[PDB]
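J.: Okay, handing you the structure first.
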Amino acid sequence: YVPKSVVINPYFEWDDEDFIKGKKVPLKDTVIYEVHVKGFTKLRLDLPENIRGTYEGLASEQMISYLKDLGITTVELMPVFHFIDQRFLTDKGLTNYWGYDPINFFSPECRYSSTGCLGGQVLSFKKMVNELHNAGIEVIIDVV
Amino acid sequence: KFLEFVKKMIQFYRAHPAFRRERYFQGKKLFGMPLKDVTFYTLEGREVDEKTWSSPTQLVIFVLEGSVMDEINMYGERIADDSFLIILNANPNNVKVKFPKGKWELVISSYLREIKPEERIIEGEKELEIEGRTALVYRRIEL
Amino acid sequence: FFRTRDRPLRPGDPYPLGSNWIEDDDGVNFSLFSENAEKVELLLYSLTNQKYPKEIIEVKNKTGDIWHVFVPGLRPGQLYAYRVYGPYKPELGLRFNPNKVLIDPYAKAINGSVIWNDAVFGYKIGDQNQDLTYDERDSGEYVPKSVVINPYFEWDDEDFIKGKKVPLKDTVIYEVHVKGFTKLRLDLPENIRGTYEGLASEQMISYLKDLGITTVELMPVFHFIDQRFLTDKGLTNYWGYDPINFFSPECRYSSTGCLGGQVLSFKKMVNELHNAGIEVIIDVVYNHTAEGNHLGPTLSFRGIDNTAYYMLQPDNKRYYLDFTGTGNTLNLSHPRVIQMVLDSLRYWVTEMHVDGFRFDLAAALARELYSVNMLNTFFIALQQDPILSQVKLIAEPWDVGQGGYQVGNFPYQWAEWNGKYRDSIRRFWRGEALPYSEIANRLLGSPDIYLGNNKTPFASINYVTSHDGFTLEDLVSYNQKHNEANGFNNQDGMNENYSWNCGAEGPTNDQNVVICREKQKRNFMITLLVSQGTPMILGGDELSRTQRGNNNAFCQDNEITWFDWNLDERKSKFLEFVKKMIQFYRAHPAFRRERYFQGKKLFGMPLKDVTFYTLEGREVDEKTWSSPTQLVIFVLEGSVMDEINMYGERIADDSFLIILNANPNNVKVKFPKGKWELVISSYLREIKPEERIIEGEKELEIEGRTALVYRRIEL
Amino acid sequence: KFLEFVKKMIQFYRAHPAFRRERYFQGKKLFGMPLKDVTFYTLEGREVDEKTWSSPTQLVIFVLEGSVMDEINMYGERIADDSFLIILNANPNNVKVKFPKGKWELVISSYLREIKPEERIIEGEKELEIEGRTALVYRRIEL
Amino acid sequence: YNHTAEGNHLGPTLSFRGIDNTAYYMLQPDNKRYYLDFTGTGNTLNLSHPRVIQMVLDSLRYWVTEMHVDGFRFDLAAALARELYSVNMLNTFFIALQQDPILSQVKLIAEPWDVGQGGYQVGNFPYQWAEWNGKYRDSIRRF
Ligand SMILES: *[C@@H]1O[C@H](CO)[C@@H](O[C@H]2O[C@H](C)[C@@H](N[C@H]3CC(CO)[C@@H](O)[C@H](O)[C@H]3O)[C@H](O)[C@H]2O)[C@H](O)[C@H]1O
Ligand SMILES: *[C@@H]1O[C@H](CO)[C@@H](O[C@H]2O[C@H](C)[C@@H](N[C@H]3CC(CO)[C@@H](O)[C@H](O)[C@H]3O)[C@H](O)[C@H]2O)[C@H](O)[C@H]1O
Ligand SMILES: OC[C@H]1O[C@H](O)[C@H](O)[C@@H](O)[C@@H]1O
Ligand SMILES: OC[C@H]1O[C@H](O)[C@H](O)[C@@H](O)[C@@H]1O
Ligand SMILES: OC[C@H]1O[C@H](O)[C@H](O)[C@@H](O)[C@@H]1O
Ligand SMILES: OC[C@H]1O[C@H](O)[C@H](O)[C@@H](O)[C@@H]1O
């Protein structure tokens with residue numbers, strides 16, 4: 001019944017990475033944009049389904065362009081620590097949508113990964129941050 | 001049409017240092033200028049006093065002196081902006097505010113209606129009516 | 001209700017000109033020259049909506065005569081265009097129309113083309129005071145938008161070809177139309193047919209590698225517009241010789257299109273070519289624009305700053321000096337225009353990795369006000385430039401204006417198109433008898449033309465055919481020009497085509513005719529590829545390409561100009577001939593020379609490096625040399641050449657004997673001493689077993705219209 | 001002593017953006033501020049009128065308004081400085097000068113003697129004796 | 001760049017005079033045995049020749065990319081604009097220099113004149129060009 005832990009290959013090429021590292025958004029000109037990875041883009045038929053409401057969906061041209069337009073500088077994602085659906089929510093045909101119930105502190109929630117679930121959640125995440133930084137956008141994660 | 005409003009508001013915030021500050025406003029004149037970096041007025045035309053400052057209200061009105069700011073960048077330059085006049089009216093009814101000296105082009109508001117052609121400037125300490133639940137920002141273009 | 005200053009901005013930089021994705025400051029830097037404008041507006045558009053500005057920024061900073069702004073948040077891909085305000089006074093040259101949306105003359109990508117519409121003209125069209133009037137219809141929705149780009153491209157295998165490449169001296173040029181090349185090549189999947197990507201495909205790369213050419217000269221690939229008068233005829237600008245921007249590659253050749261993908265699609269093509277050991281020379285139009293004269297549209301330069309850019313009637317300044325014959329001529333005297341042209345050249349060199357340029361209507365670049373000057377500013381700057389001093393420069397040595405015939409007059413480092421060569425050689429085989437001189441000279445790299453200026457046979461670009469005029473097929477397939485499909489009542493195209501039908505006009509069945517044509521084709525081909533200098537093949541003549549006697553198919557974007565790859569016996573058996581001829585030229589130094597032949601014995605040898613004989617067996621004399629002829633015959637002494645390589649070795653070849661007979665009738669030539677195996681000819685028939693050697697000063701009969709090369713294997 | 005002085009003076013130049021300008025002072029106010037970025041005065045308070053701008057002079061005096069300059073760094077920030085009051089008496093004799101309104105502080109002069117304590121701070125349109133061949137820079141601490 | 005140590009005629013023959021005398025030096029157009037002297041040092045380099053112009057520009061680029069100099073102050077800069085007999089500030093040399101990728105980024109200061117006739121060229125210099133202000137020098141001295 002309990003999911004299994006996955007050993008991973010931590011190698012990821014942060015192309016264009018390193019330069020944003022560097023006189024970025026100071027707190028003083030920052031404008032924060034609190035987003036739910038899924039809710040962001042679930043109903044965005046603008047993208048092909050199956051990246052709707054995932055990381056990959058969040059860091060797409062379409063979306064990146066939106067945020068760039070909107071004019072926000074940093075995005076604060078809701079909890080992305082792998083979390084569980086409380087039973088009392090399950091027994092009601094319900095789910096933990098917000099995610100504020102972490103079970104592990106190092107793994108990104110699998111239910112947002114387009115690639116899933118086996119190692120692809122962390123790969124899918126890194127690309128998203130990479131993609132964002134390339135666009136001059138900070139990332140702040142809600143942390144439980 | 002609101003999306004458009006949030007976009008333009010954000011751009012406003014970003015284009016203006018007098019709102020992205022690393023230091024607080026004190027209530028005084030700095031650098032030997034004849035103005036305050038900030039000033040809180042009453043509903044006519046009047047700097048706030050110890051009593052009006054403690055007593056409640058639904059109408060806030062305040063002036064930020066772009067030029068007399070104590071904001072320094074990382075290169076040791078001080079950092080002028082423009083002088084603004086923010087008029088916040090939460091009063092359910094309308095009110096009549098008296099503008100402080102100088103001349104005051106309109107920039108932004110709550111009004112969803114065609115901005116009356118007599119609201120787009122204010123001169124000479126004269127005054128103007130403001131529908132309840134309304135926010136207005138003004139830019140002094142001459143003092 | 002905001003201001004131009006409630007939007008986050010920076011003052012930006014005057015340099016470079018154009019728009020620059022500055023990764024580090026997450027924004028774009030917009031630079032635009034104009035010394036006459038009173039105000040400038042940056043117009044930002046979006047993918048979807050292109051009828052109106054998404055946003056309007058006013059360029060408020062200006063260092064000297066250069067307005068500059070930096071908008072945060074803009075990245076690559078962002079569409080933009082320019083409004084320019086200023087004085088409108090067509091009497092004085094001032095033609096500012098801020099209603100007219102303009103293209104950034106420094107754009108490296110341009111979105112669509114122009115949707116033709118009166119509103120793009122900035123005078124009232126139907127008005128009686130044409131071009132004196134001031135039309136104030138917004139034209140945004142019709143003019144394509146400039147695209148900001150990401151210049152990063154990984155030139156894999158790039159850097160090494162950079163490096164002892166094709167010297168002008170062993171070069172063999174192949175003039176091609178990117179589209180026409182490969183439109184009718186079902187060998188590739190469609191949608192790269194007639195694009196860059198199509199040009200640099202395995203299939204094609206292998207073709208060129210086979211054919212044996214070393215460098216390819218692409219027709220104009222500067223983003224260009226279709227003249228309205230061509231549009232209003234259901235027609236197109238197929239050739240492209242009407243540029244509107246000097247930095248952007250034409251979108252109509254990009255497979256990826258059109259948004260940034262034209263320049264990406266181009267770079268890959270050059271990359272792909274270099275990997276195959278192939279140079280790239282682009283046809284370049286710098287002498288005129290697509291804005292034509294007055295009455296013409298207002299798209300780019302006319303709006304931004306008309307006083308510059310454009311040569312104006314100095315007494316009027318309302319009309320345009322036109323030495324190009326296309327309505328206007330670029331003011332190559334204004335510092336900013338000289339910079340733009342030069343930038344463009346450097347841009348296409350260091351950025352797009354071009355290897356050389358063929359300048360169209362060169363002379364137009366050496367114009368001051370009414371006079372030609374091969375020593376104008378522009379040329380001298382071009383000559384001292386560290387980057388450009390290294391690339392191949394080739395010239396159409398003439399413009400159309402008065403006194404614009406500049407053959408032999410271009411500064412060193414320039415090769416010029418030899419129009420003497422083409423005309424003469426064409427009239428020689430035709431049948432005409434020219435003085436033995438006028439042809440021997442041609443055959444020897446036109447020393448008379450170029451040796452008076454310290455140039456070498458390199459500088460002479462020899463060619464029989466070209467995009468201008470007939471094809472090689474239609475050069476032996478016609479006497480007059482059949483350009484009725486152009487829709488100018490056949491009132492365009494050169495009248496003198498120095499051509500001949502071989503006794504007809506158009507396609508034929510008469511075998512005696514076809515045979516003639518097939519012969520001549522090989523007479524031409526033997527010549528070009530045996531004359532000193534640098535030979536140019538017209539792309540397709542190895543396919544016997546036909547334009548149905550259209551000698552001016554500039555607007556024919558169709559089957560008329562399409563490459564036809566369907567090869568029967570005849571068409572293909574010739575392909576084989578061009579291949580073997582080219583290989584011959586390449587395998588033999590005695591034809592790829594850095595020095596001219598003098599007429600003497602060198603290095604203490606008993607022979608001449610060259611020798612011109614008569615019809616029997618006899619060195620030419622002062623009189624026979626000046627008197628006409630239709631039979632040229634000459635010996636090149638491989639061994640007694642003054643050719644040194646870069647390592648200081650002199651360079652033997654074999655001794656040849658070229659016999660050119662343009663005489664319509666047969667003749668009997670007496671072979672000079674020694675023994676003379678046959679190699680190549682015009683004969684389509686089984687080579688007679690008594691023609692395959694000649695000994696002992698004896699003699700042989702030669703059918704008229706026939707070329708023969710011989711190799712002395714014993715003396 | 002001179003070496004030292006040149007040092008201190010170069011250090012001053014480079015401290016204050018009002019002198020390392022990228023654009024020219026205009027003769028007028030700016031950014032809707034009362035004070036004008038640059039002003040010239042005469043012996044007495046009255047601003048340099050017309051014929052006084054043409055007629056010769058052995059005495060120059062002018063006030064730079066650091067807080068109302070049209071100066072923008074490469075980041076789109078208006079710069080500001082201090083407000084300074086230059087006195088250039090090239091005249092060989094002494095002269096009395098009337099400071100403009102504010103309250104001023106002595107920053108540097110060409111005086112080799114110790115500066116009298118009543119030159120260190122001028123106030124309220126007050127007057128000051130200026131020896132001939134003497135140059136003085138002043139900062140307005142209050143207004 | 002404006003003149004050589006080979007003086008006029010009667011001068012020595014060391015370098016240019018000897019390599020090409022019709023190329024490097026502005027010769028009296030009526031004589032060509034005498035040297036046009038706009039510098040006062042015997043001779044004048046003629047930056048109207050394609051190879052002369054190339055050498056000066058080569059040199060400039062050499063000291064920049066090779067010696068990592070940050071800019072030049074040209075001595076008698078005006079004599080560099082003499083092309084024919086007069087100062088054309090629109091000459092080939094200056095134009096090539098303006099459009100040059102490398103020299104485009106460096107500093108270019110000028111002695112804005114020469115000893116020549118009508119050589120005084122204060123303020124007429126191309127942009128990015130700065131000028132030694134001779135009028136300042138004098139005015140301030142006299143003040
Ligand atoms: C060298 O440069 C030439 C001019 O740019 C090229 O010209 C060829 O293409 C031109 C568009 C064409 N223009 C004229 C056509 C006609 C009638 O035939 C008129 O109606 C137009 O107004 C003219 O502009 C030239 O005739 C044609 O030769 C040349 O191909 C390049 O190699
Ligand atoms: C600018 O350029 C000037 C000339 O190159 C410089 O000139 C200074 O040095 C020169 C060598 C000197 N030459 C003359 C001296 C005299 C008499 O004093 C004559 O006998 C010579 O024949 C002259 O050539 C100049 O007088 C001197 O000012 C200047 O310093 C540079 O800034
Ligand atoms: O004026 C234009 C003409 O100039 C020269 O005569 C060229 O040789 C010719 O080909 C061209 O058409
Ligand atoms: O003006 C054009 C003519 O100039 C010269 O006479 C050339 O020799 C000739 O070939 C050319 O057609
Ligand atoms: O001709 C050269 C002279 O020109 C001017 O008179 C300058 O003021 C002077 O300093 C310079 O030496
Ligand atoms: O002798 C020096 C003077 O020479 C000329 O007259 C100049 O025009 C002048 O500005 C300069 O002061």
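Residues in the structure tokens are named by chain (A, B, ... in the order shown) and by number from 1 within that chain; ligands are numbered from 1 in the order shown.
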Ligand 1: which residues are within 6 Å, counting only C-alpha atoms and all ligand atoms, as a ChimeraX atom specification?

T.: /C:241,324-326,360-361,468,492,554

J.: As a list in words, please: every protein or nucleic acid residue near ligand 3 (cut-off 9 Å, counting only C-alpha atoms and all ligand atoms).

T.: residues 323, 324, 325, 361, 396, 397, 398, 399, 400, 401, 402, 404, 405, 406, 407, 418, 419, 420, 423, 468 and 494 of chain C

J.: Using the selection just defined, write its residues with C-alpha atoms as an mmCIF file, in the first residue's frame.

T.:
```cif
data_model
loop_
_atom_site.group_PDB
_atom_site.id
_atom_site.type_symbol
_atom_site.label_atom_id
_atom_site.label_comp_id
_atom_site.auth_asym_id
_atom_site.auth_seq_id
_atom_site.Cartn_x
_atom_site.Cartn_y
_atom_site.Cartn_z
ATOM 1 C CA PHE C 323 21.412 55.120 -61.450
ATOM 2 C CA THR C 324 20.029 51.692 -60.554
ATOM 3 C CA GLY C 325 16.926 51.971 -62.724
ATOM 4 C CA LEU C 361 25.201 46.936 -60.007
ATOM 5 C CA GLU C 396 28.952 43.759 -61.475
ATOM 6 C CA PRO C 397 31.326 46.341 -62.849
ATOM 7 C CA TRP C 398 28.590 48.659 -64.115
ATOM 8 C CA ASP C 399 25.414 50.529 -63.323
ATOM 9 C CA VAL C 400 22.796 51.837 -65.744
ATOM 10 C CA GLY C 401 23.514 55.533 -65.245
ATOM 11 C CA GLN C 402 25.675 57.627 -67.555
ATOM 12 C CA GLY C 404 28.737 53.797 -65.111
ATOM 13 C CA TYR C 405 30.860 51.292 -67.012
ATOM 14 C CA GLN C 406 33.572 50.436 -64.529
ATOM 15 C CA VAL C 407 35.135 47.296 -65.999
ATOM 16 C CA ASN C 418 33.651 39.855 -67.199
ATOM 17 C CA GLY C 419 30.978 41.021 -69.630
ATOM 18 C CA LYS C 420 33.550 41.419 -72.363
ATOM 19 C CA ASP C 423 29.640 38.924 -75.112
ATOM 20 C CA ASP C 468 20.502 37.918 -66.388
ATOM 21 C CA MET C 494 18.012 42.645 -73.455
#
```

J.: Using only C-alpha atoms, I'd like every residue of chain C that has an atom within 9 Å of chain E; please write them out as number ranges by chain.

T.: C: 15, 63-64, 335-336, 338-340, 342-343, 375-378, 380-386

J.: So which residues touch residue 553 in chain C within 9 Å, counting only C-alpha atoms, skipping near sequence neighbours fewer than 2 positions away, as a PDB file with N, CA, C and O atoms, in the first residue's frame?

T.:
```pdb
ATOM      1  N   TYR C 238      10.583  36.999 -58.100  1.00  0.00           N
ATOM      2  CA  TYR C 238      11.172  35.677 -57.931  1.00  0.00           C
ATOM      3  C   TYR C 238      12.674  35.769 -57.685  1.00  0.00           C
ATOM      4  O   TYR C 238      13.243  34.965 -56.946  1.00  0.00           O
ATOM      5  N   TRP C 239      13.311  36.754 -58.308  1.00  0.00           N
ATOM      6  CA  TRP C 239      14.758  36.909 -58.219  1.00  0.00           C
ATOM      7  C   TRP C 239      15.169  37.484 -56.868  1.00  0.00           C
ATOM      8  O   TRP C 239      16.078  36.971 -56.214  1.00  0.00           O
ATOM      9  N   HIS C 467      21.696  34.413 -64.616  1.00  0.00           N
ATOM     10  CA  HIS C 467      20.312  34.751 -64.307  1.00  0.00           C
ATOM     11  C   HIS C 467      19.835  35.939 -65.136  1.00  0.00           C
ATOM     12  O   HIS C 467      18.671  36.005 -65.530  1.00  0.00           O
ATOM     13  N   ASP C 468      20.742  36.873 -65.399  1.00  0.00           N
ATOM     14  CA  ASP C 468      20.502  37.918 -66.388  1.00  0.00           C
ATOM     15  C   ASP C 468      20.705  37.393 -67.805  1.00  0.00           C
ATOM     16  O   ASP C 468      21.830  37.104 -68.216  1.00  0.00           O
ATOM     17  N   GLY C 469      19.610  37.270 -68.547  1.00  0.00           N
ATOM     18  CA  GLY C 469      19.674  36.872 -69.941  1.00  0.00           C
ATOM     19  C   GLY C 469      19.168  35.460 -70.165  1.00  0.00           C
ATOM     20  O   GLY C 469      18.307  34.976 -69.430  1.00  0.00           O
ATOM     21  N   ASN C 483       9.723  36.972 -73.618  1.00  0.00           N
ATOM     22  CA  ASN C 483       9.317  37.297 -72.256  1.00  0.00           C
ATOM     23  C   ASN C 483       7.900  37.857 -72.195  1.00  0.00           C
ATOM     24  O   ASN C 483       7.661  38.902 -71.588  1.00  0.00           O
ATOM     25  N   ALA C 485       5.383  36.281 -70.858  1.00  0.00           N
ATOM     26  CA  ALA C 485       4.761  35.820 -69.622  1.00  0.00           C
ATOM     27  C   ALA C 485       5.013  36.797 -68.479  1.00  0.00           C
ATOM     28  O   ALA C 485       4.473  36.640 -67.386  1.00  0.00           O
ATOM     29  N   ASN C 486       5.839  37.805 -68.742  1.00  0.00           N
ATOM     30  CA  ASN C 486       6.137  38.829 -67.747  1.00  0.00           C
ATOM     31  C   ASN C 486       5.038  39.882 -67.656  1.00  0.00           C
ATOM     32  O   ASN C 486       4.937  40.604 -66.664  1.00  0.00           O
ATOM     33  N   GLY C 493      13.773  43.083 -71.122  1.00  0.00           N
ATOM     34  CA  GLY C 493      14.829  42.144 -71.452  1.00  0.00           C
ATOM     35  C   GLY C 493      15.764  42.676 -72.520  1.00  0.00           C
ATOM     36  O   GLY C 493      15.352  43.432 -73.400  1.00  0.00           O
ATOM     37  N   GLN C 547      14.168  28.327 -69.756  1.00  0.00           N
ATOM     38  CA  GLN C 547      13.127  29.281 -69.393  1.00  0.00           C
ATOM     39  C   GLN C 547      12.295  29.680 -70.607  1.00  0.00           C
ATOM     40  O   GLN C 547      11.788  30.799 -70.683  1.00  0.00           O
ATOM     41  N   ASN C 550      12.456  32.975 -72.301  1.00  0.00           N
ATOM     42  CA  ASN C 550      12.458  34.078 -71.347  1.00  0.00           C
ATOM     43  C   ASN C 550      13.864  34.430 -70.876  1.00  0.00           C
ATOM     44  O   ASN C 550      14.465  33.701 -70.087  1.00  0.00           O
ATOM     45  N   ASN C 551      14.384  35.551 -71.365  1.00  0.00           N
ATOM     46  CA  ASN C 551      15.715  36.010 -70.983  1.00  0.00           C
ATOM     47  C   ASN C 551      15.668  37.054 -69.873  1.00  0.00           C
ATOM     48  O   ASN C 551      16.639  37.776 -69.646  1.00  0.00           O
ATOM     49  N   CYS C 555      10.369  37.695 -62.579  1.00  0.00           N
ATOM     50  CA  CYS C 555       9.098  37.662 -61.866  1.00  0.00           C
ATOM     51  C   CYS C 555       8.410  36.311 -62.025  1.00  0.00           C
ATOM     52  O   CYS C 555       7.245  36.150 -61.659  1.00  0.00           O
ATOM     53  N   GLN C 556       9.138  35.342 -62.570  1.00  0.00           N
ATOM     54  CA  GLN C 556       8.560  34.046 -62.907  1.00  0.00           C
ATOM     55  C   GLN C 556       8.813  33.027 -61.803  1.00  0.00           C
ATOM     56  O   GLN C 556       9.735  32.216 -61.893  1.00  0.00           O
ATOM     57  N   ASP C 557       7.988  33.072 -60.762  1.00  0.00           N
ATOM     58  CA  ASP C 557       8.096  32.126 -59.657  1.00  0.00           C
ATOM     59  C   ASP C 557       7.261  30.877 -59.918  1.00  0.00           C
ATOM     60  O   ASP C 557       6.187  30.704 -59.340  1.00  0.00           O
ATOM     61  N   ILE C 560       8.655  27.817 -65.018  1.00  0.00           N
ATOM     62  CA  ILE C 560       9.532  28.452 -65.993  1.00  0.00           C
ATOM     63  C   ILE C 560      10.973  28.492 -65.496  1.00  0.00           C
ATOM     64  O   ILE C 560      11.913  28.530 -66.290  1.00  0.00           O
ATOM     65  N   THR C 561      11.139  28.482 -64.177  1.00  0.00           N
ATOM     66  CA  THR C 561      12.430  28.777 -63.566  1.00  0.00           C
ATOM     67  C   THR C 561      12.809  27.713 -62.540  1.00  0.00           C
ATOM     68  O   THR C 561      13.990  27.479 -62.284  1.00  0.00           O
TER      69      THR C 561
END
```

J.: Which chains and residue numbers are within 6 Å of ligand 5, counting only C-alpha atoms and all ligand atoms, if I want them as a list in words?

T.: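 If we count only C-alpha atoms and all ligand atoms, the neighbours of ligand 5 turn out to be residues 114, 115 and 134 of chain E.
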
J.: May I have the selected residues written with N, CA and C atoms, as a PDB file, in the first residue's frame?

T.:
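After the write, part32.pdb holds the following:
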```pdb
ATOM      1  N   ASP E 114      44.640  73.211 -35.664  1.00  0.00           N
ATOM      2  CA  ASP E 114      46.058  73.153 -35.998  1.00  0.00           C
ATOM      3  C   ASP E 114      46.606  74.540 -36.317  1.00  0.00           C
ATOM      4  N   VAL E 115      47.892  74.601 -36.650  1.00  0.00           N
ATOM      5  CA  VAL E 115      48.541  75.867 -36.971  1.00  0.00           C
ATOM      6  C   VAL E 115      48.147  76.349 -38.363  1.00  0.00           C
ATOM      7  N   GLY E 134      39.922  74.906 -25.098  1.00  0.00           N
ATOM      8  CA  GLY E 134      40.889  75.985 -25.021  1.00  0.00           C
ATOM      9  C   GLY E 134      40.286  77.267 -24.481  1.00  0.00           C
TER      10      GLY E 134
END
```

J.: Neighbouring residues of ligand 2 are defined here as those with any atom at most 9 Å from a ligand atom, counting only C-alpha atoms and all ligand atoms; list them as a ChimeraX atom specification.

T.: /E:2-5,7,39-42,74-77,111,114-115

J.: Just write the chosen residues, C-alpha atoms, as an mmCIF file, in the first residue's frame.

T.:
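Here's the written file again17.cif:
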```
data_model
loop_
_atom_site.group_PDB
_atom_site.id
_atom_site.type_symbol
_atom_site.label_atom_id
_atom_site.label_comp_id
_atom_site.auth_asym_id
_atom_site.auth_seq_id
_atom_site.Cartn_x
_atom_site.Cartn_y
_atom_site.Cartn_z
ATOM 1 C CA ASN E 2 49.274 64.412 -38.423
ATOM 2 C CA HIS E 3 52.971 64.764 -39.239
ATOM 3 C CA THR E 4 56.291 62.911 -39.310
ATOM 4 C CA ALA E 5 59.833 63.501 -38.054
ATOM 5 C CA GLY E 7 60.138 67.388 -41.785
ATOM 6 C CA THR E 39 51.241 71.251 -38.525
ATOM 7 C CA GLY E 40 54.255 73.556 -38.396
ATOM 8 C CA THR E 41 56.693 70.652 -38.296
ATOM 9 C CA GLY E 42 57.756 70.655 -41.936
ATOM 10 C CA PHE E 74 44.834 63.418 -30.844
ATOM 11 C CA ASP E 75 47.426 66.189 -31.105
ATOM 12 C CA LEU E 76 46.449 68.828 -33.662
ATOM 13 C CA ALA E 77 43.402 66.728 -34.510
ATOM 14 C CA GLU E 111 43.242 69.098 -29.986
ATOM 15 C CA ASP E 114 46.058 73.153 -35.998
ATOM 16 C CA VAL E 115 48.541 75.867 -36.971
#
```

J.: Quick check, in Å to one decimal: how far apart do CA of residue 525 in chain C and CA of residue 578 in chain C lie?

T.: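 Computed distance, CA of residue 525 in chain C to CA of residue 578 in chain C, equals 7.0 Å.
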
J.: Give me, please, the distance in Å between CA of residue 319 in chain C and CA of residue 294 in chain C, quoted to one decimal.

T.: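 Separation of CA of residue 319 in chain C and CA of residue 294 in chain C: 6.4 Å.
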
J.: All residues within 12 Å of ligand 6 are required, counting only C-alpha atoms and all ligand atoms; please report them as a PDB file with C-alpha atoms, in the first residue's frame.

T.:
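And here's result_32.pdb as it stands now:
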```
ATOM      1  CA  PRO E 112      40.459  70.751 -31.978  1.00  0.00           C
ATOM      2  CA  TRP E 113      42.714  72.822 -34.243  1.00  0.00           C
ATOM      3  CA  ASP E 114      46.058  73.153 -35.998  1.00  0.00           C
ATOM      4  CA  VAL E 115      48.541  75.867 -36.971  1.00  0.00           C
ATOM      5  CA  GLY E 116      46.923  75.858 -40.402  1.00  0.00           C
ATOM      6  CA  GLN E 117      44.725  78.431 -42.115  1.00  0.00           C
ATOM      7  CA  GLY E 118      41.186  78.303 -40.750  1.00  0.00           C
ATOM      8  CA  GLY E 119      42.276  75.372 -38.618  1.00  0.00           C
ATOM      9  CA  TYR E 120      40.520  76.482 -35.441  1.00  0.00           C
ATOM     10  CA  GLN E 121      37.873  73.768 -35.260  1.00  0.00           C
ATOM     11  CA  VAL E 122      36.647  73.983 -31.666  1.00  0.00           C
ATOM     12  CA  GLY E 123      33.343  72.167 -31.293  1.00  0.00           C
ATOM     13  CA  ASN E 133      38.396  73.231 -24.234  1.00  0.00           C
ATOM     14  CA  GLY E 134      40.889  75.985 -25.021  1.00  0.00           C
ATOM     15  CA  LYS E 135      38.294  78.652 -24.273  1.00  0.00           C
ATOM     16  CA  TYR E 136      37.836  77.363 -20.732  1.00  0.00           C
ATOM     17  CA  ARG E 137      41.605  77.294 -20.222  1.00  0.00           C
ATOM     18  CA  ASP E 138      41.798  80.954 -21.231  1.00  0.00           C
ATOM     19  CA  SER E 139      38.566  82.325 -19.767  1.00  0.00           C
TER      20      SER E 139
END
```

J.: Need the shell around residue 126 in chain A: protein/DNA/RNA residues with any atom at most 9 Å away, counting only C-alpha atoms. Skip same-chain ones fewer than 4 positions apart. Format as a list in words?

T.: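 The contact residues come out as residues 12, 14, 121, 122, 130 and 131 of chain A.
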
J.: Select from chain A everything DSSP, run on the backbone, classes as strand (DSSP E or B), then give the selection as a PyMOL selection string.

T.: chain A and resi 32-35+74-77+81+83+102+108+138-141

J.: Filtering to C-alpha atoms, could you give me those residues as a PDB file, in the first residue's frame?

T.:
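Below is the file that was written, selection-v8.pdb:
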```pdb
ATOM      1  CA  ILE A  32       5.229  38.009  -5.612  1.00  0.00           C
ATOM      2  CA  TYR A  33       2.762  35.751  -7.421  1.00  0.00           C
ATOM      3  CA  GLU A  34       1.306  32.899  -5.374  1.00  0.00           C
ATOM      4  CA  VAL A  35       0.364  29.998  -7.635  1.00  0.00           C
ATOM      5  CA  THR A  74       8.997  35.945  -8.516  1.00  0.00           C
ATOM      6  CA  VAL A  75       6.568  33.032  -8.238  1.00  0.00           C
ATOM      7  CA  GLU A  76       5.634  31.361  -4.951  1.00  0.00           C
ATOM      8  CA  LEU A  77       4.511  27.781  -5.580  1.00  0.00           C
ATOM      9  CA  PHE A  81       6.900  18.404  -0.993  1.00  0.00           C
ATOM     10  CA  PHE A  83       2.308  14.870   0.380  1.00  0.00           C
ATOM     11  CA  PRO A 102       4.085  16.588   3.655  1.00  0.00           C
ATOM     12  CA  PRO A 108       8.692  16.878  -5.170  1.00  0.00           C
ATOM     13  CA  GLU A 138      12.705  33.778  -9.118  1.00  0.00           C
ATOM     14  CA  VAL A 139      11.110  30.749  -7.463  1.00  0.00           C
ATOM     15  CA  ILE A 140       9.810  30.659  -3.895  1.00  0.00           C
ATOM     16  CA  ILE A 141       8.304  27.415  -2.601  1.00  0.00           C
TER      17      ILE A 141
END
```
